[PDB]
């Protein structure tokens, strides 16, 4: 005789609700598959809990619907039924074990092959959201270990381990997780976009946290440090940074959920330099090559910096070299490409051909330098400016009377700078150490200086708040 696969029969005796008193009088096991909805939660613990038992029975009808054991429809979202199954356990700890025992029950002595294949998808989704309690965990493991022949059993055992390590998810499975398992694929690959107009596919798991994801990208790109780097999600208008200890799928799911309340729900994942504190051009070749040049270039071309005509001709000739190297066949194309070579505001100062003649003279001075050397030479010249590695915001200030109403705010390693938009002159720099408080709304951004208050009219207060928070935190932890 060969050992039959493990069931929740022995577990049920102590932790499932007892059978109704009439059971023995009646001459369909609680721990086995049914098509009959629950009227009370499986776990003895939820017996008293009315609100929780109610949610446990709603999630079981969603488990039935998903598995084809209860009527439904040709459902709109691929995650409409899975949200109903897991929203309960994700908001309440007592429901986490109910989720596992419900799924395991529906996979025990299940005659229907279509049903059993669907229950496996649910257990795979469950193992990537949260682990079971310490009491249940061995039973879930013995259930999976005795069913190694089922194509998802070894993956569920693996995911359990990652769920015990990384902790629990907060939002239900993302549509990419649900589509992957329905398409019989346990491996997920997500595209990541870089400032050099390239992208790459990186493997992502349900347990993936932005910090791990960032470290895999950094390792791949041969960066000397992942410090100051961050994931960003570009959805609709919005471009948000992803918190270091947040689960990648929770951030995306929540952000897409939020956008759906105020409304194409298409997103892009970016990897970029967020904090520029430790950035020194020359130190890290790939960071300079992929990130620093490409991120500093549009800031420079918007006209956010104060520079001399000698510098704009030098940087102009340097940009040309990044684009075409030693090729002089794009020289007559300089007037047509001026918006790509000279800051916006200065273009009108000189005729298109006088710019062409001046840029052509400065290029020949950059010897026989490569596109890469030109990226470093550009970076090294701008690193001399106190506005290097800044995040610039155009605001309407309401508190300073001697300062213009329209200001340019630069947030960098030195603090918060107020710049005159016309002269590009820094009026004041408030170090992070002198910033005692800050707040934001949809229409503003506020900062308190010392024991001085600054109020900015902006729709970008969320971003400024994030940068101020991240820079102050970075410094404060570095002071330990």
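Numbering follows the first chain given and starts at 1.
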Residue 451-residue 452 interval: deposited residues absent from the model: 4 to 9
If I compare the deposited sequence with the modelled residues, how many are absent between residue 27 and residue 28: none, 1 to 3, 4 to 9, or 10 or more? 4 to 9
Mean C-alpha temperature factor, higher of 72-80 and 286-294: 72-80
Entry-level comparison of average CA B-factors, 459-467 and 18-26, reporting the higher stretch: 18-26
Checking the entry, which one of 371, 184, 170, 220 has the top C-alpha B factor? 184
Based on what the PDB entry reports, which of 130, 86, 363, 378 has the top C-alpha B-factor? 363
Is the Cα B-factor recorded for residue 385 in the lowest, middle or highest third of its chain? middle
Considering only modelled residues of the same chain, in which third does the CA B-factor of residue 473 rank: lowest, middle or highest? middle
Considering only modelled residues of the same chain, in which third does the CA B-factor of residue 203 rank: lowest, middle or highest? lowest
Residue 244: CA B-factor among chain residues, third -> lowest
Considering only modelled residues of the same chain, in which third does the CA B-factor of residue 400 rank: lowest, middle or highest? highest
